[PDB]
Each structure stands twice: as structure tokens, then as C-alpha cells.
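Notes to accompany the following structure.
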Amino acid sequence: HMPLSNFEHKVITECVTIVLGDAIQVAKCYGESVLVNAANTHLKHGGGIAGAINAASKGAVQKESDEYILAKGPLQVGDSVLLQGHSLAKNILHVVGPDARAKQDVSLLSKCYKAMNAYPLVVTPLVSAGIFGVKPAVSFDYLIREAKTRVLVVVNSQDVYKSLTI
Ligand SMILES: Nc1ncnc2c1ncn2[C@@H]1O[C@H](COP(=O)(O)OP(=O)(O)OP(=O)(O)O)[C@@H](O)[C@H]1O
């Protein structure tokens with residue numbers, strides 16, 4: 001079974017496909033992929049996809065992240081950091097999308113998605129599209145504008161999936 005058949009998906013461009021499912025699982029089918037974590041300034045992976053990723057890695061993502069943040073200090077918004085994959089992916093790219101509730105610049109999503117272009121295959125959720133208050137459609141708009149590499153954008157609500165795929 002070629003990986004994406006385990007999932008409902010729709011190719012948008014030769015670059016971007018929209019997959020309905022859990023991004024952790026999609027990334028598990030591609031060992032050469034980089035998994036995008038939708039993270040905060042302090043890489044505190046307490047919930048959302050950050051907590052699911054931290055939990056899949058059995059706490060390891062949190063401890064690596066604590067060492068990095070202690071050493072470098074906290075990340076700005078739109079910053080990204082490539083860290084270990086903890087066998088969930090070749091690597092995890094921790095991406096700090098803007099927080100709309102806090103009235104942060106949503107065009108910083110462009111900076112977040114740009115970072116994904118350094119990798120040949122990336123599996124990502126919609127950055128800032130949950131508690132951070134950016135509509136998934138709006139997050140998807142920033143992604144499709146910047147994606148120059150092969151990006152599997154994975155949405156785990158079926159409603160979001162139907163909206164994105166017309
Ligand atoms: N394992 C996951 N895989 C793919 N998409 C996810 C996953 N978990 C959450 N999402 C979706 O991707 C987007 C980014 O998630 P985010 O890191 O901002 O945490 P969250 O959205 O507040 O968590 P939740 O949606 O469960 O309340 C959200 O719209 C969210 O619903």
C-alpha cells in the first residue's frame with residue numbers, strides 16, 4: 001500500500017497534497033520526511049499536536065526542547081528550529097506560528113512555512129490553525145503561497161478537510 005492510500009487525500013499542486021488524518025501517522029510512513037511541530041515560543045509541548053508529538057516520543061521531544069530553550073532562550077514568532085525526529089521522522093521542525101488571540105502578525109505564517117522549503121519532504125499540520133485562532137483556510141493560504149517542496153499538509157478534522165478540498 002503506497003502510503004497516502006492509508007489516508008483520504010487530495011493533491012492540490014505538484015507540491016502540496018491535503019491529507020485527512022493524524023500527521024504523526026502520515027510522517028510515520030515516510031522516514032525521509034521532516035515532521036512539522038506547531039510549537040510556541042518556549043517549545044512547551046503541553047497540548048495540541050505538540051502534546052501528541054511529545055507523547056509519541058515518550059517525553060523525549062520535551063526534554064530536548066528544554067535543553068535547547070535553556071541554552072538559547074525562547075524563540076521569536078515565525079522562528080523555526082530543526083530538532084531530532086525521535087524516530088517519528090527524520091527530523092522535527094518546530095515552527096512558531098503567530099497567535100491571533102494575542103493579535104500577532106498572521107503574515108508571520110509566511111515565515112513559518114518558508115522554513116519548510118529546506119527539506120525534500122515535509123509533513124505539517126496547519127500552523128496557527130487551532131487554539132492560536134487562525135482559520136485553517138487562512139493558514140492553508142499562507143502554506144500554498146510558500147511551498148516550493150513536497151508538503152503533505154495533514155488536517156485531522158473532517159470538516160476542515162471538506163472545506164479545504166471544496
Ligand atoms: N496530530 C494532528 N495531526 C494533524 N493535525 C492536527 C493534529 N492535532 C491537531 N491538529 C490540527 O492542526 C492544527 C494545529 O494544531 P495546534 O498545534 O495549533 O494545537 P490545537 O489546534 O490547539 O489542538 P486541537 O485542535 O486538538 O484542539 C489544528 O487545527 C489542529 O486541530
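Here's how to read the names in the C-alpha cells: chain A, B, ... by the order shown, residue numbers from 1 in each chain, ligand numbers from 1 in the order shown.
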
Could you give me, as a PyMOL selection string, every polymer residue with an atom at most 9 Å away from an atom of ligand 1, counting only C-alpha atoms and all ligand atoms?
-> chain A and resi 19-26+37-40+45+47-53+97+124-136+153-157+160

Using the chain letters and numbers from this document, which residues of region 20-161 of chain A does DSSP assign to strand (DSSP E), as an NGL selection string?
-> :A and (20 or 34-39 or 80-84 or 91-96 or 121-124 or 150-155)

Just write the chosen residues, N, CA and C atoms, as a CSV table (one decimal), in the first residue's frame.
chain,number,residue,atom,x,y,z
A,20,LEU,N,-6.2,13.9,5.1
A,20,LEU,CA,-7.1,13.9,6.3
A,20,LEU,C,-6.6,12.7,7.2
A,34,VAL,N,10.4,15.2,7.2
A,34,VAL,CA,10.5,16.1,8.3
A,34,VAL,C,9.1,16.4,8.8
A,35,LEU,N,8.9,16.2,10.1
A,35,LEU,CA,7.6,16.4,10.7
A,35,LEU,C,7.6,17.9,11.3
A,36,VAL,N,6.6,18.6,10.9
A,36,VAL,CA,6.4,20.0,11.4
A,36,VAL,C,5.7,19.9,12.7
A,37,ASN,N,6.3,20.4,13.8
A,37,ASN,CA,5.6,20.6,15.1
A,37,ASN,C,5.1,22.0,15.1
A,38,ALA,N,3.8,22.2,15.5
A,38,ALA,CA,3.3,23.6,15.6
A,38,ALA,C,3.5,24.0,17.1
A,39,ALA,N,4.5,24.8,17.3
A,39,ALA,CA,5.0,25.0,18.6
A,39,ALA,C,4.8,26.4,19.1
A,80,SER,N,11.7,29.1,13.5
A,80,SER,CA,11.6,27.6,13.4
A,80,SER,C,13.0,27.1,13.9
A,81,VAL,N,12.9,25.9,14.4
A,81,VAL,CA,14.2,25.1,14.8
A,81,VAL,C,14.0,23.7,14.4
A,82,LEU,N,15.0,23.2,13.7
A,82,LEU,CA,15.1,21.7,13.3
A,82,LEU,C,15.7,21.0,14.5
A,83,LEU,N,14.9,20.0,15.0
A,83,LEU,CA,15.5,19.1,16.1
A,83,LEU,C,15.4,17.7,15.7
A,84,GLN,N,15.7,16.8,16.6
A,84,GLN,CA,15.7,15.3,16.3
A,84,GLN,C,14.3,14.9,16.0
A,91,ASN,N,13.4,14.2,11.1
A,91,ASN,CA,13.6,15.3,11.9
A,91,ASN,C,12.2,15.9,12.3
A,92,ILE,N,12.2,16.8,13.3
A,92,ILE,CA,11.0,17.5,13.7
A,92,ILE,C,11.4,19.0,13.6
A,93,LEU,N,10.7,19.7,12.7
A,93,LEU,CA,10.9,21.2,12.6
A,93,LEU,C,9.8,21.9,13.5
A,94,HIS,N,10.3,22.5,14.6
A,94,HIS,CA,9.4,23.2,15.5
A,94,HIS,C,9.3,24.6,15.0
A,95,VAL,N,8.0,24.9,14.7
A,95,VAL,CA,7.6,26.1,14.0
A,95,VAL,C,6.7,26.9,14.9
A,96,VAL,N,7.0,28.2,15.0
A,96,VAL,CA,6.2,29.0,16.0
A,96,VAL,C,5.3,30.0,15.2
A,121,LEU,N,11.0,16.5,1.8
A,121,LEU,CA,9.6,16.1,2.1
A,121,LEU,C,9.3,16.5,3.5
A,122,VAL,N,8.1,17.2,3.7
A,122,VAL,CA,7.7,17.7,4.9
A,122,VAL,C,6.2,17.3,5.2
A,123,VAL,N,5.9,16.9,6.4
A,123,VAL,CA,4.6,16.6,6.8
A,123,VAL,C,4.2,17.6,7.9
A,124,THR,N,3.1,18.4,7.7
A,124,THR,CA,2.8,19.5,8.5
A,124,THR,C,1.3,19.6,8.8
A,150,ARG,N,7.9,19.3,-1.6
A,150,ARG,CA,6.8,18.4,-1.4
A,150,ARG,C,6.3,18.4,0.0
A,151,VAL,N,5.0,18.9,0.2
A,151,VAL,CA,4.5,19.1,1.5
A,151,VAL,C,3.2,18.4,1.7
A,152,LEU,N,3.1,17.5,2.7
A,152,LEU,CA,1.8,16.8,3.0
A,152,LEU,C,1.2,17.6,4.2
A,153,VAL,N,0.2,18.3,3.9
A,153,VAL,CA,-0.5,19.1,5.0
A,153,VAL,C,-1.6,18.2,5.5
A,154,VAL,N,-1.6,17.9,6.8
A,154,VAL,CA,-2.4,16.9,7.4
A,154,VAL,C,-3.4,17.6,8.4
A,155,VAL,N,-4.6,17.4,8.1
A,155,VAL,CA,-5.7,18.0,8.9
A,155,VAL,C,-6.5,16.9,9.5

Option closest in space to residue 68 (chain A), from A:116, A:43, A:4, A:18 [counting only C-alpha atoms] | A:43

Check region 68-118 of chain A with DSSP on the backbone and list each residue it calls helix (DSSP H, G or I), as a PyMOL selection string.
-> chain A and resi 68-72+108-118

Keeping only N, CA and C atoms, write the selected residues as a PDB file, in the first residue's frame.
ATOM      1  N   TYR A  68      17.363  22.902  24.630  1.00  0.00           N
ATOM      2  CA  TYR A  68      17.591  23.938  23.626  1.00  0.00           C
ATOM      3  C   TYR A  68      17.172  25.314  24.148  1.00  0.00           C
ATOM      4  N   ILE A  69      15.981  25.403  24.746  1.00  0.00           N
ATOM      5  CA  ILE A  69      15.466  26.686  25.215  1.00  0.00           C
ATOM      6  C   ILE A  69      16.277  27.190  26.407  1.00  0.00           C
ATOM      7  N   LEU A  70      16.726  26.290  27.279  1.00  0.00           N
ATOM      8  CA  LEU A  70      17.616  26.732  28.349  1.00  0.00           C
ATOM      9  C   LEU A  70      18.899  27.301  27.768  1.00  0.00           C
ATOM     10  N   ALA A  71      19.406  26.680  26.699  1.00  0.00           N
ATOM     11  CA  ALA A  71      20.698  27.060  26.139  1.00  0.00           C
ATOM     12  C   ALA A  71      20.595  28.316  25.282  1.00  0.00           C
ATOM     13  N   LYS A  72      19.580  28.393  24.418  1.00  0.00           N
ATOM     14  CA  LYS A  72      19.446  29.518  23.503  1.00  0.00           C
ATOM     15  C   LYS A  72      18.459  30.584  23.968  1.00  0.00           C
ATOM     16  N   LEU A 108       3.222  36.386   9.596  1.00  0.00           N
ATOM     17  CA  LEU A 108       4.394  35.632  10.027  1.00  0.00           C
ATOM     18  C   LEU A 108       4.262  34.150   9.692  1.00  0.00           C
ATOM     19  N   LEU A 109       3.043  33.681   9.385  1.00  0.00           N
ATOM     20  CA  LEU A 109       2.875  32.332   8.852  1.00  0.00           C
ATOM     21  C   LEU A 109       3.707  32.124   7.605  1.00  0.00           C
ATOM     22  N   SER A 110       3.903  33.185   6.821  1.00  0.00           N
ATOM     23  CA  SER A 110       4.737  33.092   5.629  1.00  0.00           C
ATOM     24  C   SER A 110       6.161  32.726   6.004  1.00  0.00           C
ATOM     25  N   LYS A 111       6.659  33.304   7.094  1.00  0.00           N
ATOM     26  CA  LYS A 111       7.988  32.963   7.581  1.00  0.00           C
ATOM     27  C   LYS A 111       8.034  31.519   8.057  1.00  0.00           C
ATOM     28  N   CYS A 112       7.006  31.084   8.790  1.00  0.00           N
ATOM     29  CA  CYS A 112       6.942  29.699   9.263  1.00  0.00           C
ATOM     30  C   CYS A 112       7.026  28.705   8.118  1.00  0.00           C
ATOM     31  N   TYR A 113       6.207  28.899   7.078  1.00  0.00           N
ATOM     32  CA  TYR A 113       6.147  27.911   6.005  1.00  0.00           C
ATOM     33  C   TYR A 113       7.376  27.960   5.118  1.00  0.00           C
ATOM     34  N   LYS A 114       7.981  29.147   4.967  1.00  0.00           N
ATOM     35  CA  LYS A 114       9.218  29.270   4.203  1.00  0.00           C
ATOM     36  C   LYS A 114      10.273  28.297   4.722  1.00  0.00           C
ATOM     37  N   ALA A 115      10.339  28.124   6.051  1.00  0.00           N
ATOM     38  CA  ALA A 115      11.343  27.265   6.669  1.00  0.00           C
ATOM     39  C   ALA A 115      11.237  25.826   6.188  1.00  0.00           C
ATOM     40  N   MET A 116      10.032  25.398   5.805  1.00  0.00           N
ATOM     41  CA  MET A 116       9.823  24.034   5.350  1.00  0.00           C
ATOM     42  C   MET A 116      10.500  23.765   4.013  1.00  0.00           C
ATOM     43  N   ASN A 117      10.862  24.809   3.270  1.00  0.00           N
ATOM     44  CA  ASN A 117      11.356  24.568   1.920  1.00  0.00           C
ATOM     45  C   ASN A 117      12.776  24.026   1.881  1.00  0.00           C
ATOM     46  N   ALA A 118      13.481  24.021   3.011  1.00  0.00           N
ATOM     47  CA  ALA A 118      14.814  23.438   3.062  1.00  0.00           C
ATOM     48  C   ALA A 118      14.792  21.916   3.065  1.00  0.00           C
TER      49      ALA A 118
END

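Note that CA of residue 164 (chain A) and CA of residue 41 (chain A) are 27.7 Å apart.
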
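Separating CA of residue 57 (chain A) from CA of residue 142 (chain A) is a distance of 28.5 Å.
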
Two-atom distance - CA of residue 15 (chain A), CA of residue 119 (chain A) (Å) = 12.3 Å

Closest to residue 17 (chain A) among A:158, A:65, A:149, A:163, using only C-alpha atoms?
-> A:149

Looking at only C-alpha atoms, which of A:75, A:106, A:2, A:166 is the one that sits closest to residue 139 (chain A)?
-> A:106

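With only C-alpha atoms as the atoms that count, the residue of A:88, A:137, A:143, A:29 with the shortest distance to residue 159 (chain A) is A:137.
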